[PDB]
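Have a look at the structure below, then the notes.
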Amino acid sequence: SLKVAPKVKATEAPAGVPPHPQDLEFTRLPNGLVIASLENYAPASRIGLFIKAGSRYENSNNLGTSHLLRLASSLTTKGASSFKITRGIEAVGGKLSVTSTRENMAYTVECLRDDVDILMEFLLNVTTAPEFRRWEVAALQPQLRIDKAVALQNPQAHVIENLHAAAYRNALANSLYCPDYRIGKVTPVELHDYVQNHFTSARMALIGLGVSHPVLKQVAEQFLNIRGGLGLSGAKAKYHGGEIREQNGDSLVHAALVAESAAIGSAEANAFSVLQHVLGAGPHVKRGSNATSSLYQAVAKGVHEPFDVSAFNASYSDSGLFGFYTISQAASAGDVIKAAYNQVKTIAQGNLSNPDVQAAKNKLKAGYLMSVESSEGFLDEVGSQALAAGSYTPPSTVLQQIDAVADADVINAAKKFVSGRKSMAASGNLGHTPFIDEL
Amino acid sequence: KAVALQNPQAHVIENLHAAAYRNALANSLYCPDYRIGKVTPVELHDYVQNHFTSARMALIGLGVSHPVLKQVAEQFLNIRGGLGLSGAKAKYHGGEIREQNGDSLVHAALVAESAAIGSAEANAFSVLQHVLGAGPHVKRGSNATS
Amino acid sequence: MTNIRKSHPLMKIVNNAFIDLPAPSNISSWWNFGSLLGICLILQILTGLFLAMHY
Amino acid sequence: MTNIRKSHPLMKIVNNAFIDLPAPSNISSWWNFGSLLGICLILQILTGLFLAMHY
Amino acid sequence: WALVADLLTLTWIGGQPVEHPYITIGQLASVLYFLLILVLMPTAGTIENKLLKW
Amino acid sequence: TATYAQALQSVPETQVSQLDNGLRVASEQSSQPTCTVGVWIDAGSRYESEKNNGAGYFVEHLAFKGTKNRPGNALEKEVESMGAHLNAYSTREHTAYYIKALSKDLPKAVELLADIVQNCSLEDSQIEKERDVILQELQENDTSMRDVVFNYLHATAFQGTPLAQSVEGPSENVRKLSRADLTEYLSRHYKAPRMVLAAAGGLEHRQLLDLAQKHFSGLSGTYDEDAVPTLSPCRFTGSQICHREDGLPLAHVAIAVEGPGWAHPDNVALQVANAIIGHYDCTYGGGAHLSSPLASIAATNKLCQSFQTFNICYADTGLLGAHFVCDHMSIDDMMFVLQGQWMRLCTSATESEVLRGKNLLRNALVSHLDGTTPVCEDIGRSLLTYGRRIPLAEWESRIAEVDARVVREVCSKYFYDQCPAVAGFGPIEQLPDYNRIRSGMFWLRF
Amino acid sequence: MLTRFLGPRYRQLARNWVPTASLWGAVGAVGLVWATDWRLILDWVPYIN
Amino acid sequence: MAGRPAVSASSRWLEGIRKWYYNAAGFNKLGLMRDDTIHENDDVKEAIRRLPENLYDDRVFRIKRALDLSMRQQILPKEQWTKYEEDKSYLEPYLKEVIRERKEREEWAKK
Amino acid sequence: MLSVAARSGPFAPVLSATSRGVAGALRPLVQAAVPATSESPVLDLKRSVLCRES
Amino acid sequence: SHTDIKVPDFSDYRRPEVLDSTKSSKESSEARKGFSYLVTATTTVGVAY
Ligand code: HEM
Ligand code: HEM
């Protein structure tokens, strides 16, 4: 109700106490842990534990450990069993979900504010003190195939996995799902090593939604020992640039042509983000023709068949991938990629108008505000901020940063993509889809 | 395909042509995983009617008189091959394919573009092939000359 | 219908031939004689046994 | 034609309980009374029927 | 084997007339037949269960 | 210091004001810099006869394609360059057009919304090009097993009634629909008295009312002798439809009975009953430990690929039941335990599991309103079905009054010994006969 | 649900089946009486006296 | 501290009664440990399924050879018997957890 | 603006105990549905989309 | 194209009260099932005799 977009709330006639908003409390513990407690006085309370234990932190030996660790929740711990956790969570109606990207791994629990203390114990025990019994890990192993099958049912979820694989030789290239050869090859020893190395104060942050600061403060820092020195990540990564082409006889061809962009926090990343909306990265009108979308409009002429195209901006803590993602028939797959690619080249040549930039800034500002508007989306925004950075930035400050992006910076961002080393990942019927050297 | 791919060297060779070439020569010798069951009798008839047509054939026999071979071979077609999106005239591209399967032993194949058969340059590579050693000659040997 | 029915290694599965057995829809009335014959058989045994107690 | 796949769609499948049934190796002689009991039934019925033809 | 022996005692005393020696033995054998199975045998299993650390 | 009960009381109260022509202007004030505003109208398949069935889907398609003031894509261009999101959905009873933007952008969003409603263009080329568009995803929607089954269930549960029509409508009706039918449909169902303009976010209620007064005043009500048309009851019909197609891998089956309706208070008790049965589809970490007995058994021996419990509510009817996705040799094994769970609540429901269901329902209401977008839908839809909008605290009062005795009585009134409607799709050979399905509604068989 | 007490749930389940169990015993009573026209039961009914 | 509830059993002391019973039971003569002769119910059967492969395979052969001895009505030589002191419970830790799990599950149902 | 959803880039799969497994951030698929060719492939070995908790 | 399906006319076999599409089917549900069970109850009564 109250802190569902800015972490500073406007005055709303202080009376009663629940009907009154307040400021935000941000603290960093001496051991490096970060606590960002919120009290919006909402009926529902949400607690999230954000960890730098993404899928990129697995080395070549223990691939897929993060996927199994994502599924490893609701298992027997040192304080609560698997039965007690599943029964205890559902009895109070609460939910327990684990969100894992290539960099972070968020442990989120949602329930009502009356029973948030119960959800506290079931969160620390799952996150910090898992038993990882051999029989239980073995029984959960076939779920890896089931989870990977449904997640790969969507064709564009598989190109993104190959896109990072083709572009990196390192951490960021690891897929989010356990490899086909590792289903059954994961062992409780690997899970204990992954948990011990990658669960530490310096790589964790606790975020709450409707909970007092001392309640969060007292339940944070117990037994965090060492950083993630197991392998690969924890010692930087590097960008490669490649091309992965997979054929599966599908009717629709998915193509993702990207380049090297800047990491988050950097002022150049904002240039790509506003450039991402100049090119158009998602419809705003249901069943619309995308008149303002430069990419869709560019391919509209010539191609008179079903197709789709949008910008792609995958930004990370150390690097990033920027480019366009397209969907087209195999009969005219090459035309759509080439037409969309040529439009980006015109942007790099300075053929950009200030009203086009002004609209893109408006889309970026609006798109960000609605992203944090939801209670669940708001937790993810601050949670990742407390991990990538050491403090929270209010949305008003973010809007200023977006408004402080010069039109020249957008052109330079376009030049970086055009002149950069590309990384193409394609899927479907690749009879007509061109290669990187063919643009 | 499963039995023929039990040998890890078969997979690398299939991937080696896939990585190196874009055109005809990059096609694997085995039906793709998505095409098992998707082949139709009309496709087989088209393949036969286009490629099983005399000028692309040659009849060779051992221990058979020439008139027996000559008479039996005078019943053939007069057609040539067709076109292809991924197979027709081959052109070298050069790439890199990396597959991970957790195997104990690692197979690697690093190749470049050599010359075609008949050409005198192909003979240069063939004799160069045995300079570097391309198979043992002594059982359980230490390969001194390799 | 109450449970997953659990169990099953008993003589109930032998009785699935009387409950869940597939049968043609257009089976006419000339077919009750199969069950009628079983009715007749156990009727002769029932009356016959009580007849044999005085014969 | 598979010798193992015998005349299965018949009553022999029931008789697999007499031929191919797994049984413990360490069965002592005290288990023999199960088969003896069946022989006692058959013997009693066989002699009983011929007794009932004159009683 | 105490139950088997007692079952044999019941068989032996079943065929004998009801007089003063078989009245006493008959009651004792019968009361032991039920006492063994109902009380002594379940208590026997409990004692050994304790005797085997479980 | 802020208990669960106290937080519900501090939720801002919805403000509802009526215009001169009967337009209901509603809003909920908040603190977000963003907001969404939309118009909910009483229209859908149930309001269309067979001749004009599927007009709403045809009308909705052309709603954003051009207006009198902004012909062509100018209406779309205004929204996109502004940074707002434009969405629209239509069901058998309601259609909506809501636009999400910044709070400072409210004045322009309302002006655009009036143009879409009052000044639809329906150009002759637009219908012809949209007709081919509507004929396209109709073929696509044939591939959606879940949507086809629910259309099948609606077809036979309310057979011979307006409620049995599809929102999209038959393909033949799509081809023969002309501009005359569309404009007639607009002039008959798009009227101020049957309209509500809702909003939520960082907007003052006074601003929204004044904006509606400026733009929606031109809207008219009580057009002719028809004025505001009234609905007619639709009779539930216990039946069974089985589209047996063995090519498709999985079997989708939905079985439901007549519900109470939108305004019936028995919805709260029924919603607790559905929460007790729960849902599960092959991706939960709980597995065999799931509290719901149906979910626990379905996960222990891998009964279904998916299953869920629904309560569709209409003006005077409903479809209360469940829908499950399973193998071709698991339909009988789960329909037996699905109906077995229903007869347990009707006969023997313990207070402990109702407490689990009550808590589950409590979280469903609070967590559904995760922003301005679902709040306006709740504000707009309630004002068309419940009349007033029910506060969350009031929902808690009704939820706290449900116990085991209420659940046993309410379930036994709609579930026990009632003829259900069955819809099947795929390899449904194992699907039990209707008499086997019908006889599963009661126990002890004597 | 209250801190895992000792057999509260089964007491609630038993009470649900008590009204039908009590009426089920009537079939065992009346049906047995109906079977053998038991003398001291068919004396309080008005019609069958 | 063993044998019987009394401080001293009938046949002197208390610890030797259990040692005397172990030789009297005679499952050591067959080459079986104490937990190799337990009754397999729905609880013990699950606790067997959690045994490590090295320990489960060892149990299989100990049972397999014992049935061979019982089939021939024979026993292992005097030097191959299971010593009472060397007999260790390889199944008690696994049984206890299934006891703990079943007790929680059973008591959670009644609430 | 430091997250994986605000930038609408990479993916973030979710595994839950009371909710369905949901994976996917913003990437171009909505605009493809309007010229309907993406047939919404059958639920062959698949769970129910959109989840059920609201 | 699945929306082209329409349940055929069952009015030939429909009971007289559920003939009207406007009138709700819940009004006569008690009596529609009451008459059918009356046949079953009267058949068991005759068989019991
Ligand atoms: C398929 C089974 C049977 C058939 C077809 C059958 C048929 C007959 C017939 C035709 C008669 C001649 C009665 C007459 O003409 O007056 C008869 C008599 C008799 N049957 Fe059977 N019977 C069957 C089974 C039995 C059994 C199972 C019993 C005894 C357990 C039995 C006991 C008798 C006796 C005692 C009579 C002589 C008394 C009398 O005729 O009324 N029957 N039976
Ligand atoms: C388990 C099956 C049976 C048992 C245990 C059994 C037992 C006996 C016994 C203990 C006697 C007393 C004989 C004596 O003390 O002299 C007897 C007599 C007799 N039984 Fe059975 N019987 C069985 C089955 C049958 C059957 C199936 C029949 C006829 C089909 C039959 C016909 C007779 C007859 C006619 C007698 C009198 C003749 C005689 O006592 O030698 N019995 N039976």
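By order of appearance in the structure tokens: chains A, B, ..., then residues from 1 within every chain, and ligands from 1 in the order shown.
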
RMSD after least-squares fit, chain C onto chain D [all C-alpha atoms, in order]: 2.1 Å

Within 12 Å of chain G: residues of chain A, using only C-alpha atoms, as an mmCIF file with C-alpha atoms, in the first residue's frame:
data_model
loop_
_atom_site.group_PDB
_atom_site.id
_atom_site.type_symbol
_atom_site.label_atom_id
_atom_site.label_comp_id
_atom_site.auth_asym_id
_atom_site.auth_seq_id
_atom_site.Cartn_x
_atom_site.Cartn_y
_atom_site.Cartn_z
ATOM 1 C CA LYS A 84 7.608 -29.802 8.640
ATOM 2 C CA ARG A 87 3.303 -28.569 6.139
ATOM 3 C CA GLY A 88 4.295 -25.551 8.225
ATOM 4 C CA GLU A 90 1.040 -24.290 3.785
ATOM 5 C CA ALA A 91 -0.761 -24.303 7.142
ATOM 6 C CA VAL A 92 -0.310 -20.532 7.476
#

Test item, alpha helix (DSSP H) assignment across chain G, answer as number ranges by chain: G: 9-36

Selection within 8 Å of ligand 1 by only C-alpha atoms and all ligand atoms, output as a ChimeraX atom specification: /C:40-41,44-55

Include N, CA, C and O atoms and write out the residues we just selected as a PDB file, in the first residue's frame.
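The resulting file, selection_0.pdb, is shown below:
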ATOM      1  N   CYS C  40     -29.465 -70.001 -13.258  1.00  0.00           N
ATOM      2  CA  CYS C  40     -30.045 -71.340 -13.234  1.00  0.00           C
ATOM      3  C   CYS C  40     -29.133 -72.325 -12.517  1.00  0.00           C
ATOM      4  O   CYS C  40     -29.606 -73.177 -11.758  1.00  0.00           O
ATOM      5  N   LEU C  41     -27.823 -72.227 -12.747  1.00  0.00           N
ATOM      6  CA  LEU C  41     -26.893 -73.180 -12.153  1.00  0.00           C
ATOM      7  C   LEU C  41     -26.903 -73.092 -10.633  1.00  0.00           C
ATOM      8  O   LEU C  41     -27.052 -74.106  -9.944  1.00  0.00           O
ATOM      9  N   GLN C  44     -30.189 -74.476  -9.133  1.00  0.00           N
ATOM     10  CA  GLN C  44     -30.280 -75.923  -8.988  1.00  0.00           C
ATOM     11  C   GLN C  44     -29.498 -76.400  -7.776  1.00  0.00           C
ATOM     12  O   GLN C  44     -29.939 -77.305  -7.061  1.00  0.00           O
ATOM     13  N   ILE C  45     -28.330 -75.807  -7.534  1.00  0.00           N
ATOM     14  CA  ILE C  45     -27.526 -76.183  -6.379  1.00  0.00           C
ATOM     15  C   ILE C  45     -28.233 -75.796  -5.087  1.00  0.00           C
ATOM     16  O   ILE C  45     -28.243 -76.561  -4.117  1.00  0.00           O
ATOM     17  N   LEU C  46     -28.840 -74.608  -5.053  1.00  0.00           N
ATOM     18  CA  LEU C  46     -29.522 -74.161  -3.842  1.00  0.00           C
ATOM     19  C   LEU C  46     -30.707 -75.058  -3.512  1.00  0.00           C
ATOM     20  O   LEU C  46     -30.825 -75.561  -2.390  1.00  0.00           O
ATOM     21  N   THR C  47     -31.599 -75.274  -4.480  1.00  0.00           N
ATOM     22  CA  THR C  47     -32.741 -76.150  -4.239  1.00  0.00           C
ATOM     23  C   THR C  47     -32.319 -77.609  -4.142  1.00  0.00           C
ATOM     24  O   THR C  47     -32.901 -78.370  -3.362  1.00  0.00           O
ATOM     25  N   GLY C  48     -31.322 -78.017  -4.927  1.00  0.00           N
ATOM     26  CA  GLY C  48     -30.881 -79.400  -4.881  1.00  0.00           C
ATOM     27  C   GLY C  48     -30.311 -79.790  -3.533  1.00  0.00           C
ATOM     28  O   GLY C  48     -30.554 -80.893  -3.042  1.00  0.00           O
ATOM     29  N   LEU C  49     -29.536 -78.895  -2.919  1.00  0.00           N
ATOM     30  CA  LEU C  49     -28.946 -79.202  -1.622  1.00  0.00           C
ATOM     31  C   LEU C  49     -30.021 -79.417  -0.565  1.00  0.00           C
ATOM     32  O   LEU C  49     -29.926 -80.343   0.247  1.00  0.00           O
ATOM     33  N   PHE C  50     -31.057 -78.578  -0.564  1.00  0.00           N
ATOM     34  CA  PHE C  50     -32.134 -78.748   0.404  1.00  0.00           C
ATOM     35  C   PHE C  50     -32.997 -79.957   0.075  1.00  0.00           C
ATOM     36  O   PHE C  50     -33.609 -80.543   0.974  1.00  0.00           O
ATOM     37  N   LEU C  51     -33.066 -80.340  -1.201  1.00  0.00           N
ATOM     38  CA  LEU C  51     -33.733 -81.585  -1.562  1.00  0.00           C
ATOM     39  C   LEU C  51     -32.941 -82.791  -1.071  1.00  0.00           C
ATOM     40  O   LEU C  51     -33.524 -83.792  -0.643  1.00  0.00           O
ATOM     41  N   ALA C  52     -31.612 -82.710  -1.126  1.00  0.00           N
ATOM     42  CA  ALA C  52     -30.758 -83.810  -0.701  1.00  0.00           C
ATOM     43  C   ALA C  52     -30.761 -84.012   0.806  1.00  0.00           C
ATOM     44  O   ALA C  52     -30.213 -85.013   1.279  1.00  0.00           O
ATOM     45  N   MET C  53     -31.349 -83.092   1.566  1.00  0.00           N
ATOM     46  CA  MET C  53     -31.457 -83.248   3.009  1.00  0.00           C
ATOM     47  C   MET C  53     -32.652 -84.090   3.427  1.00  0.00           C
ATOM     48  O   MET C  53     -32.832 -84.322   4.627  1.00  0.00           O
ATOM     49  N   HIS C  54     -33.475 -84.537   2.481  1.00  0.00           N
ATOM     50  CA  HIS C  54     -34.595 -85.412   2.783  1.00  0.00           C
ATOM     51  C   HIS C  54     -34.720 -86.575   1.813  1.00  0.00           C
ATOM     52  O   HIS C  54     -35.622 -87.401   1.978  1.00  0.00           O
ATOM     53  N   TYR C  55     -33.843 -86.670   0.822  1.00  0.00           N
ATOM     54  CA  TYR C  55     -33.910 -87.706  -0.195  1.00  0.00           C
ATOM     55  C   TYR C  55     -32.969 -88.847   0.160  1.00  0.00           C
ATOM     56  O   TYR C  55     -31.820 -88.622   0.549  1.00  0.00           O
TER      57      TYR C  55
END

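Of note, CA of residue 98 (chain A) and CA of residue 33 (chain A) are spaced 19.6 Å apart.
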
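Using only C-alpha atoms, we find that the part of chain A lying within 12 Å of chain H comprises residues 76, 80, 81, 82, 83, 84, 86, 87, 88, 91, 133, 134, 135, 136, 137, 138 and 139 of chain A.
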
CA of residue 19 (chain H) to CA of residue 79 (chain H), distance in Å rounded to a single decimal: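 Between CA of residue 19 (chain H) and CA of residue 79 (chain H) the gap works out to 17.1 Å.
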
Surrounding residues of region 179-195 of chain A excluding itself and chain neighbours under 2 positions, 8 Å, only C-alpha atoms, as a PyMOL selection string: (chain A and resi 62-65+69+128+132-134+137-138+141-142+144-145+175+177+197-199+230) or (chain B and resi 101-102)

N, CA and C atoms of the current selection, written as a short mmCIF file (atom, residue, chain, number, x, y, z; two decimals), in the first residue's frame:
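See again_4.cif below for the written result:
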data_model
loop_
_atom_site.label_atom_id
_atom_site.label_comp_id
_atom_site.auth_asym_id
_atom_site.auth_seq_id
_atom_site.Cartn_x
_atom_site.Cartn_y
_atom_site.Cartn_z
N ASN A 62 31.18 -28.85 -11.63
CA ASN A 62 29.92 -28.93 -10.89
C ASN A 62 28.79 -28.18 -11.58
N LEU A 63 28.71 -28.30 -12.90
CA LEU A 63 27.65 -27.63 -13.65
C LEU A 63 26.28 -28.16 -13.22
N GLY A 64 25.30 -27.26 -13.17
CA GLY A 64 23.96 -27.62 -12.78
C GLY A 64 23.70 -27.65 -11.30
N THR A 65 24.70 -27.34 -10.47
CA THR A 65 24.50 -27.34 -9.02
C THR A 65 23.50 -26.27 -8.60
N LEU A 69 20.27 -26.74 -6.57
CA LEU A 69 20.13 -25.93 -5.36
C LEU A 69 18.85 -25.10 -5.39
N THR A 128 20.51 -21.50 5.15
CA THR A 128 21.81 -21.54 5.79
C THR A 128 22.22 -22.93 6.28
N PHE A 132 20.90 -31.93 3.44
CA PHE A 132 21.26 -32.50 2.14
C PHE A 132 21.52 -34.01 2.26
N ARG A 133 20.51 -34.71 2.76
CA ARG A 133 20.61 -36.16 2.90
C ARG A 133 20.69 -36.81 1.52
N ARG A 134 21.51 -37.86 1.43
CA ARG A 134 21.82 -38.46 0.13
C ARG A 134 20.57 -39.00 -0.55
N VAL A 137 18.40 -36.02 -1.91
CA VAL A 137 18.97 -35.41 -3.10
C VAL A 137 18.82 -36.34 -4.30
N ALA A 138 19.00 -37.64 -4.08
CA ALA A 138 18.82 -38.61 -5.15
C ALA A 138 17.38 -38.62 -5.65
N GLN A 141 16.50 -35.67 -7.85
CA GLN A 141 17.29 -35.56 -9.08
C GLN A 141 16.45 -35.65 -10.35
N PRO A 142 15.51 -36.60 -10.50
CA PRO A 142 14.73 -36.65 -11.75
C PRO A 142 13.88 -35.41 -12.00
N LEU A 144 15.00 -32.55 -12.15
CA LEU A 144 15.80 -31.69 -13.01
C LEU A 144 15.38 -31.82 -14.47
N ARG A 145 15.15 -33.05 -14.93
CA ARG A 145 14.69 -33.26 -16.30
C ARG A 145 13.31 -32.66 -16.52
N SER A 175 24.53 -22.17 -18.50
CA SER A 175 23.08 -22.13 -18.59
C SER A 175 22.46 -22.16 -17.19
N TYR A 177 20.11 -24.07 -16.30
CA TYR A 177 19.55 -25.39 -16.07
C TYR A 177 20.65 -26.44 -16.13
N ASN A 197 30.65 -22.22 0.01
CA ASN A 197 31.47 -21.21 -0.64
C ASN A 197 30.66 -19.96 -0.98
N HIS A 198 29.45 -20.13 -1.51
CA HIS A 198 28.72 -19.03 -2.12
C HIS A 198 27.68 -18.40 -1.20
N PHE A 199 27.55 -18.87 0.04
CA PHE A 199 26.63 -18.29 1.01
C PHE A 199 27.48 -17.63 2.09
N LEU A 230 35.73 -21.42 -4.97
CA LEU A 230 35.76 -22.78 -5.50
C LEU A 230 36.33 -22.82 -6.92
N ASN B 101 30.28 -33.32 -22.23
CA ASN B 101 29.48 -34.44 -21.77
C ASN B 101 30.08 -35.14 -20.56
N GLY B 102 31.04 -34.52 -19.87
CA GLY B 102 31.57 -35.10 -18.65
C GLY B 102 32.37 -36.36 -18.84
#

Counting only C-alpha atoms, chain G residues within 9 Å of chain H, as a ChimeraX atom specification: /G:1-11

I'd like the contact shell of region 27-41 of chain I - 7 Å cut-off, only C-alpha atoms, skipping same-chain residues fewer than 5 positions apart - returned as a CSV table (one decimal) with C-alpha atoms, in the first residue's frame.
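Output file part30.csv follows:
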chain,number,residue,atom,x,y,z
A,282,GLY,CA,8.0,-4.6,-26.3
A,283,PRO,CA,4.5,-3.6,-27.3
A,287,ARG,CA,-2.7,-6.0,-31.0
A,306,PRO,CA,4.0,-12.6,-39.7
A,307,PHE,CA,7.2,-11.7,-37.8
A,308,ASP,CA,8.4,-10.1,-34.6
A,309,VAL,CA,11.5,-8.2,-33.5
A,310,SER,CA,12.6,-6.3,-30.4
A,325,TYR,CA,15.9,-10.5,-30.9
F,136,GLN,CA,-6.4,-16.7,-37.7
F,137,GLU,CA,-6.1,-17.2,-33.9
F,140,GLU,CA,-4.6,-21.1,-33.1
F,143,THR,CA,-4.4,-26.0,-30.2
F,144,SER,CA,-5.0,-24.7,-26.6

Proximal residues of chain F relative to chain G (only C-alpha atoms; 7 Å) as a list in words: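 Matching residues, ligands excluded from the count: residues 347, 348, 350 and 352 of chain F.
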
Within 10 Å of chain F: residues of chain C, using only C-alpha atoms, as a list in words: residues 1, 2, 3, 4, 5 and 20 of chain C

Write to file, as an mmCIF file, in the first residue's frame, the residues of the selection just made, with N, CA, C and O atoms.
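Dumped everything to out-v2.cif:
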data_model
loop_
_atom_site.group_PDB
_atom_site.id
_atom_site.type_symbol
_atom_site.label_atom_id
_atom_site.label_comp_id
_atom_site.auth_asym_id
_atom_site.auth_seq_id
_atom_site.Cartn_x
_atom_site.Cartn_y
_atom_site.Cartn_z
ATOM 1 N N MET C 1 -16.216 -43.746 -4.586
ATOM 2 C CA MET C 1 -14.950 -43.024 -4.664
ATOM 3 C C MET C 1 -14.629 -42.322 -3.347
ATOM 4 O O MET C 1 -15.338 -41.404 -2.939
ATOM 5 N N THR C 2 -13.564 -42.770 -2.675
ATOM 6 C CA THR C 2 -13.191 -42.224 -1.373
ATOM 7 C C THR C 2 -11.705 -41.929 -1.198
ATOM 8 O O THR C 2 -11.372 -41.021 -0.427
ATOM 9 N N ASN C 3 -10.812 -42.645 -1.872
ATOM 10 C CA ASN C 3 -9.376 -42.602 -1.581
ATOM 11 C C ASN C 3 -8.623 -42.792 -2.895
ATOM 12 O O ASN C 3 -9.155 -42.516 -3.975
ATOM 13 N N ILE C 4 -7.352 -43.197 -2.803
ATOM 14 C CA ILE C 4 -6.660 -43.781 -3.948
ATOM 15 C C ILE C 4 -6.959 -45.269 -4.076
ATOM 16 O O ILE C 4 -6.438 -45.926 -4.989
ATOM 17 N N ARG C 5 -7.773 -45.817 -3.169
ATOM 18 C CA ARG C 5 -8.193 -47.215 -3.111
ATOM 19 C C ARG C 5 -7.057 -48.113 -2.636
ATOM 20 O O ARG C 5 -7.297 -49.265 -2.259
ATOM 21 N N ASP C 20 -15.775 -53.391 -14.327
ATOM 22 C CA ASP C 20 -15.066 -52.538 -15.269
ATOM 23 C C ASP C 20 -14.779 -53.228 -16.594
ATOM 24 O O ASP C 20 -13.986 -52.713 -17.388
#

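Picture a line from CA of residue 122 (chain A) to CA of residue 373 (chain A); it runs 27.4 Å.
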
Spatial neighbours of region 222-225 of chain A, 12 Å, only C-alpha atoms, chain gap at least 5 places, as a PyMOL selection string: chain A and resi 29+31-33+124-125+127-129+195-204+217

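Using only C-alpha atoms, the contacts of residue 431 (chain F) at a cut-off of 10 Å, with sequence neighbours closer than 3 positions omitted, comprise residues 242, 244, 251, 253, 328, 329, 330, 331, 332, 333, 334, 335, 424, 427, 428, 434, 436 and 437 of chain F.
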
Please produce, as CSV, a per-residue contact table for chain G versus chain J (criterion: any atom at most 12 Å away, only C-alpha atoms considered), showing the nearest atom pair and its distance in Å to one decimal, sorted by chain then residue number.
residue,atom,partner,partner_atom,distance
G:31,CA,J:48,CA,10.0
G:34,CA,J:48,CA,9.8
G:35,CA,J:48,CA,9.6
